[PDB]
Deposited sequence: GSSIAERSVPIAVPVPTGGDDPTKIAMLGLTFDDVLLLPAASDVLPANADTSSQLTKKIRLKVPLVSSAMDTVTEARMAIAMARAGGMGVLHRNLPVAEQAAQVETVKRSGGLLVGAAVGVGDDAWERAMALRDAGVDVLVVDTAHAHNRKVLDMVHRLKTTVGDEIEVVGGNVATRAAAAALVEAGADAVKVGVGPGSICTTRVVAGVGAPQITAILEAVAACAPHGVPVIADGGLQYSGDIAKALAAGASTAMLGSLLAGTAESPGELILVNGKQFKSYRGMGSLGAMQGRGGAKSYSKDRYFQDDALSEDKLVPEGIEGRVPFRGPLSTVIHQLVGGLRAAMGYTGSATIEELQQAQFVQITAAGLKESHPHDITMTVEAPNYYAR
């Protein structure tokens, strides 16, 4: 073994991230304005725009969830607050019309009671929200929700970064699988635990387990540019979840911060000291970006451009596009 030892499987794969690849152009009869950007969030739920906002307390509360749904995507309400307040935020979103909304739950002692309160409030999607879903407690939670409320509510499980973990969630009854261990902009899992998987390889592996069973993959974490959304979907994901890219918008929680003459908003990991009060997230800031509607317009515009370049009339066609791998000289 050229990298050491006598076991070829010790280093099991070469992991690629978004910056390691570009989409290859292909023959196209598709104009960006004419592409169809709709895609499955879950087995049953299709979004007009393949984007969902992160379940984070500096990204998604009712205002963001309402704005995301109006824009054609969806928000996932964070769970760092009392059950009653989270359920009230679901109701608030529903007071603004026939808008889709999701909400995060954990696997702890109060997670089931949280899920039932969200159900009663009319939530459309429950996201079982963990850093590592390949665990009997997480799989049991997904299965029990699906068996209990799965006729009326779609159940998402995550996060995973391997084929086997994705397969386990599929077996448990997940209506979608969320992919990303380590890639988030505010994440320190890779430095604290030394654990992770580069996101393009993680998506390719998860899709190999999920697509044969008709289960969509949500690419969660590490997206920095609109072009990364196109790369995530071309790797086989059906939607992308965004934290950093949406945290600086008017509709996110938090106030404006002025630093050296420039405007910022606070953005922090849910595993940061601040959010919890051994952290696996940090607390920082991102530039202020203005209204959500305008950010989504630019992100979808980039996606539409990719669809034009690759000849993809639909997201399902984009999922079949090819990559070229690039070097550091990039």
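S.K.: Which parts of the deposited sequence lack C-alpha coordinates in this model? Number from residue 1, please.
M.R.: 1-14, 292-315, 369-389 are the stretches of the deposited chain that have no C-alpha coordinates in the structure.
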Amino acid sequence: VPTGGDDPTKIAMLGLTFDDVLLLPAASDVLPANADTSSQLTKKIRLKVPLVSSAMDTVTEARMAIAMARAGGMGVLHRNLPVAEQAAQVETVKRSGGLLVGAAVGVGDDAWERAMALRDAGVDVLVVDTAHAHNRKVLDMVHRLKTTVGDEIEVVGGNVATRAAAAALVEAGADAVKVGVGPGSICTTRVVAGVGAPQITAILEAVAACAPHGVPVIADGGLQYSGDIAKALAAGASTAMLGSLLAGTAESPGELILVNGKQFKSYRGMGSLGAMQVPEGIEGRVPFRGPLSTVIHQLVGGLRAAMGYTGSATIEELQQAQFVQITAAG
From here on, numbers count along this sequence of modelled residues.
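S.K.: Going by the B-factors listed in the PDB entry, is the mean over the C-alpha atoms higher for 159-167 or for 118-126?
M.R.: Taking the mean B-factor of the alpha carbons in each, 118-126 is higher.
S.K.: Using only C-alpha atoms and the B-factors in the entry, which stretch averages higher, 282-290 or 296-304?
M.R.: That would be 282-290.
S.K.: Whose CA atom has the top B-factor in the entry, of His213, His134, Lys178, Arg95?
M.R.: Going by the entry's C-alpha B-factors, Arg95 comes out highest.
S.K.: Among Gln199, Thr148, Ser244, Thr189, where is the Cα B factor highest in this entry?
M.R.: Result of the comparison over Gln199, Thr148, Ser244, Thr189: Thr148.
S.K.: Ranked by Cα temperature factor within the chain, is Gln89 in the lowest third, the middle third or the highest third?
M.R.: Its C-alpha B-factor belongs to the highest third of this chain's values.
S.K.: Pull the Cα B-factor of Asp57 out of the PDB entry and bin it into the chain's lowest, middle or highest third.
M.R.: Its C-alpha B-factor belongs to the middle third of this chain's values.
S.K.: Going by what the PDB entry lists, where does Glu251 fall on CA B-factor within its chain: lowest, middle or highest third?
M.R.: It falls in the middle third of the chain.
S.K.: Against its chain's modelled residues, does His143's Cα B factor rank lowest, middle or highest third?
M.R.: Answer is highest: the recorded C-alpha B-factor places it there.
S.K.: Just say lowest, middle or highest third for the CA B-factor of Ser226 relative to the other modelled residues in its chain.
M.R.: For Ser226, the deposited C-alpha B-factor lands in the middle third.
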